[PDB]
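So that we are looking at the same thing, I have put the structure below in structure tokens.
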Amino acid sequence: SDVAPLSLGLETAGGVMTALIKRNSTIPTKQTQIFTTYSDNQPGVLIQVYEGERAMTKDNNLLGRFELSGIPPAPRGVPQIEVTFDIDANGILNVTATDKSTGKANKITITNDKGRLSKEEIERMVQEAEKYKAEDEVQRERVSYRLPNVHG
Amino acid sequence: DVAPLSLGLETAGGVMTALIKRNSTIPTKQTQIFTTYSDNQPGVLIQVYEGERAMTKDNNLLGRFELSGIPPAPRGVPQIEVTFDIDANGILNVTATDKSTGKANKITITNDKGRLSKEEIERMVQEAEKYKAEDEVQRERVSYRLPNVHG
């Protein structure tokens, strides 16, 4: 079976890479995960699809983005935003986000990797992630321990 | 159409590992790499289960087959590619392939309307809801199972 040559996921709050499909997983595959809001009364979510192995999305590659708006006001972390990453038998990626309370959804289709990147480009991205593995492992260990800024 | 119940394999320790989740649209093809539990394990037992519960003993066995001839290797090294394919008629084909040799085996399982009534499906769903809290414990500690001494 074919494999995903690079990990695929979303940006979560604070610039964090949250992979839903890992590099070298076989495709086709459909992965679903419930996400939520970061702030009280948050009226929408921004869905930013990133590809790569690094811990922070600034070091990965943005493949597409869309908004799911119209989230009813609610305390942070209460809305259920179901996100699906579906890679079909042709390698095409469909990313859907659905507000479970209303059913309202949005989605984007992203071309399969062989239509976007050469094998040598992929190999270079992997080599760079290997170079920065120690740094990225520290970042992953600190995601649960981020402190807010001073108020002045 | 949708899969009315989740479909997957038994993994080490009696665990339900779903590849197609309940209410997934069909037709669909889902793939997942599995591996061996023991050093030099020469074959894998592929046990296809249907249902929502955390442990396969509480789900229903739909079929099983073996993939033998796995070359000796340390535990977890063989790449056993598993495919669950549901076609436009709802027929389920489950294949397991040893990536290094190409050797595969497969079983075909009747589409759900040829096996189960709507009432049977609803009863399985209702029973799983009753035991969701109990099953949530098993899911939370599956990564934290300890061995015992041998003698």
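Each reported figure results from applying straightforward, stated rules to the coordinates on display, with no laboratory input. We place every Cβ from the backbone using ideal geometry, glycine too, and count neighbours over all the protein chains shown.
List every residue whose amide H lies under 5 Å from the amide H of B:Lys103, counting only residues 5 or more places away in sequence or on a different chain, with H placed 1.01 Å from N in the peptide plane.
When sequence neighbours closer than 5 places are left aside, the close amide H contacts are B:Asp98.
Kindly provide the GluC sites (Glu not before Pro) of segment A:121-152 that DSSP labels as loop, not H, G, I, E or B, and whose Cβ sees at most 15 other Cβ atoms within 10 Å.
Passing sites in segment A:121-152 do not exist.
Determine ³J(HN,Hα), in whole Hz, for all residues of segment A:112-127 in sequence, where each value follows from phi through the Karplus function 6.51 cos²θ - 1.76 cosθ + 1.60 and θ = phi - 60°; x replaces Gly and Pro.
Taking θ as phi minus 60°, the curve returns 4, 4, 5, x, 10, 9, 7, 4, 5, 4, 4, 4, 5, 4, 5, 4 Hz for segment A:112-127.
Do any of A:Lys30/B:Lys29; B:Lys106/B:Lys132; A:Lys104/B:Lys29; A:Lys30/A:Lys119; A:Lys30/A:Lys100 go past 20 Å between their Cα atoms, and which?
B:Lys106/B:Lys132; A:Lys104/B:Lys29; A:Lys30/A:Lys119
In percent, how large is the relative contact order of chain A, given Cα pairs closer than 8 Å and 6 or more residues apart?
Rounded, it is 21 percent for chain A.
If you don't mind, there's one more thing I want to ask. Could you check the simple spin-label distance between B:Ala88 and B:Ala133, using points 7 Å along Cα→Cβ, in nm with one decimal?
Distance between the two pseudo-spin positions: 4.7 nm.
Over the whole of A:29-37, what's the average partner chain Cβ count within 10 Å per residue? Rounded to a whole number, please.
Details: counts 5, 8, 1, 2, 0, 0, 0, 0, 0.
For this peptide, the per-residue mean of nearby foreign Cβ atoms is 2.
How big is the gap, in Å, between the Cα center of segment B:104-151 and the Cα center of segment A:90-152?
Going from one Cα centre to the other spans 31 Å.
Okay, moving on. List every residue whose amide H lies under 5 Å from the amide H of A:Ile21, counting only residues 5 or more places away in sequence or on a different chain, with H placed 1.01 Å from N in the peptide plane.
A:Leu8
Applying the Karplus parametrisation 6.51 cos²θ - 1.76 cosθ + 1.60 with θ = phi - 60° to the phi angles of segment A:144-149, what ³J(HN,Hα) value in whole Hz is obtained for each residue in order, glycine and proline being reported as x?
7, 10, 8, 9, x, 7
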